[PDB]
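The chain that follows stands alone, in the form deposited without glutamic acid, written as structure tokens.
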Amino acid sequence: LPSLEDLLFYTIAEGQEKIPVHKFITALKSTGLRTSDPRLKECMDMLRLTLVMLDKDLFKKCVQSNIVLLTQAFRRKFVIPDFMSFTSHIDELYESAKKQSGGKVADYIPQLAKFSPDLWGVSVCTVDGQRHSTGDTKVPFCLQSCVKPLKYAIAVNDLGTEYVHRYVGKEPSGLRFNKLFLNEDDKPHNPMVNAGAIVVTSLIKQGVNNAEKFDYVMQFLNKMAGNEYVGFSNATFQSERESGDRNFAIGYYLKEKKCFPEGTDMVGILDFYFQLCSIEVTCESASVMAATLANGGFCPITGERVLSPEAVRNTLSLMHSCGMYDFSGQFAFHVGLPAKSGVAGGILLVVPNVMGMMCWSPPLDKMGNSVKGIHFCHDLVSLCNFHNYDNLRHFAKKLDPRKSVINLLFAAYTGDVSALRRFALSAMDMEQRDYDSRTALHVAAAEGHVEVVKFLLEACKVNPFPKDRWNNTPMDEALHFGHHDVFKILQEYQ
């Protein structure tokens, strides 16, 4: 059992007796992990507490406490194994999109106009926590309609599909059925329209007052971003309630047409709605939110189950088809990713099973989508086979940036002679030990599996007397559990 810590040491130390601390860090960062990663804190603490050269046993002390993640990182077995060559493509696409200067920054409130039109940031967070940023990725801005899928997920996670969609539909609008707010059953078309977003707000945490509702949603967004920046621009909040007269009118129509949960303080909901629109993110922290959606409801940098599988599935679905304003059908055809855009210039972008992403540049096009971000999303999917209906085998000129010993013993356990035959012809080591120094022979003996024991002995010619951590041989195991014939067979080897 040559130890996992040294096994990695040999990976970094290409023959050197000791590894410099800075070689480890740049190798580390080369997988795309950041040293700020919460899952690497124990290791960085020890690195700093080595206060510059690390030998096999000093180094093994630092990496020991995060050895599972570092193992998966340096066996370059992340979802994107060659991250360095991936981040250059991201940088090329960023540089290219930076040259489109069209679009008008939203001035309907001054806080949206205070932002320079030159601001442009993209940040990547993969399902495994690899991070990458280019441009203005640590500037806070407001989510705006980028919060619509997030509050819809929360609702669905808490209440379930059937409840939520008693009050809101699940279809794209189609054309100008937008101005016809309500569909055939007199509900908003889907949660990504303002009328649907407003209704979704009325469903979240009913019974408590607004300040608890807002506290629930922020703690939730904070879990979704893995404790990265989730803020609030009160300035934006007050202008939004002052200019949101059109949404009050929409609210009165909704309350009169009985679309809210019966007994609902309408102006209370709309204050909540503007509160939620004003929540602040950076592209870094929003990308972790996106990567939580990209990763089935689990936050990559904390491991936490935040959203149920159903809430993610529904959210990603309606984002794919209702996420980009009147450009959503066009986006769905050509980009094929679930995204959501907002009037601060953010595009919350998700690549199911790979990464999340937030892009931000304030200039909006005629449809309200960020000009540089829309350019970026088209380029990304031309470059890589990320479209929803790209193939993972025959994808043409696009780039695709994408058996254990437990396997062995569980076959020995269940008696599957066919499986071990494949493994042996697979050139697997049939004498591998698990964490208990257990062997396929051990397990197959204890279960009295005669055709497995013989296969391991006669065909794979394995050692007949391995020792457990309790110093038992398969023969011991056979006797112990009543499998005398198996005991006899191995006894023939002494």
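Start at 1 and count along the sequence shown; that's the residue number.
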Task: Chain break class for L425 to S426, judged by how many deposited residues have no coordinates - done: none
Open item on the list: Can you count the deposited residues that have no coordinates between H387 and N388 and report it as none, 1 to 3, 4 to 9, or 10 or more?
Closed with: none
TODO: Report the stretch with the higher mean CA temperature factor, choosing between 223-231 and 173-181 on the basis of the entry.
DONE: 173-181
- [ ] Report the stretch with the higher mean CA temperature factor, choosing between 109-117 and 273-281 on the basis of the entry.
- [x] 109-117
Task: Maximum C-alpha temperature factor, selected from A446, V68, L33, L49 - done: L49
Task: Among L420, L150, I301, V350 - the residue whose C-alpha B-factor is largest in the record - done: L420
TODO: Comparing against every modelled residue in the chain, figure out the third that the C-alpha B-factor of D37 lands in (lowest, middle or highest).
DONE: lowest
Task: Third of the chain, ranked by Cα B-factor, where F248 sits - done: highest
- [ ] Taking the chain's C-alpha temperature factors as the reference, tell me which third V267 falls into: lowest, middle or highest.
- [x] highest
TODO: Please place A396 in the lowest, middle or highest third of its chain by C-alpha B factor as given in the entry.
DONE: highest
Open item on the list: When the deposited Cα B-factors of this chain's modelled residues are ordered and cut into thirds, is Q238 in the lowest, the middle or the highest one?
Closed with: highest
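The form deposited with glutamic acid bound is left out here; the points below concern that form.
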Open item on the list: Can you tell me whether the pocket in this form is open or blocked when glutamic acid is overlaid from where it sits in the bound PDB entry, based on ligand atoms within 2.4 Å of backbone or C-beta (3 or more = blocked)?
Closed with: open
TODO: Using the partner position in the bound PDB entry, report whether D128 sits within 4.5 Å of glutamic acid, counting heavy atoms only.
DONE: no
Task: Close approach of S133 to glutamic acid in the bound PDB entry, 4.5 Å, heavy atom - done: no
Open item on the list: Contact with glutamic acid in the bound PDB entry for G356, defined as at least one heavy atom pair within 4.5 Å: yes or no?
Closed with: no
Open item on the list: Would you classify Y325 as touching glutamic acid in the bound PDB entry, given a 4.5 Å non-hydrogen atom cut-off?
Closed with: yes
Open item on the list: Between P363, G121, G342, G226, only one gets a heavy atom within 4.5 angstroms of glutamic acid in the bound PDB entry; which residue is that?
Closed with: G342
Open item on the list: Going by heavy atom distances of 4.5 angstroms or less, which of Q111, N247, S308, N385 would be at the interface with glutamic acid in the bound PDB entry?
Closed with: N247
- [ ] Choose from 77-85, 392-400, 239-247, 212-220 the stretch whose residues reach within 4.5 Å of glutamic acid in the bound PDB entry, heavy atoms counted.
- [x] 239-247
TODO: Let me know which residues along 191-206 have a heavy atom within 4.5 Å of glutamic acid in the bound PDB entry, or say none if there are none.
DONE: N194
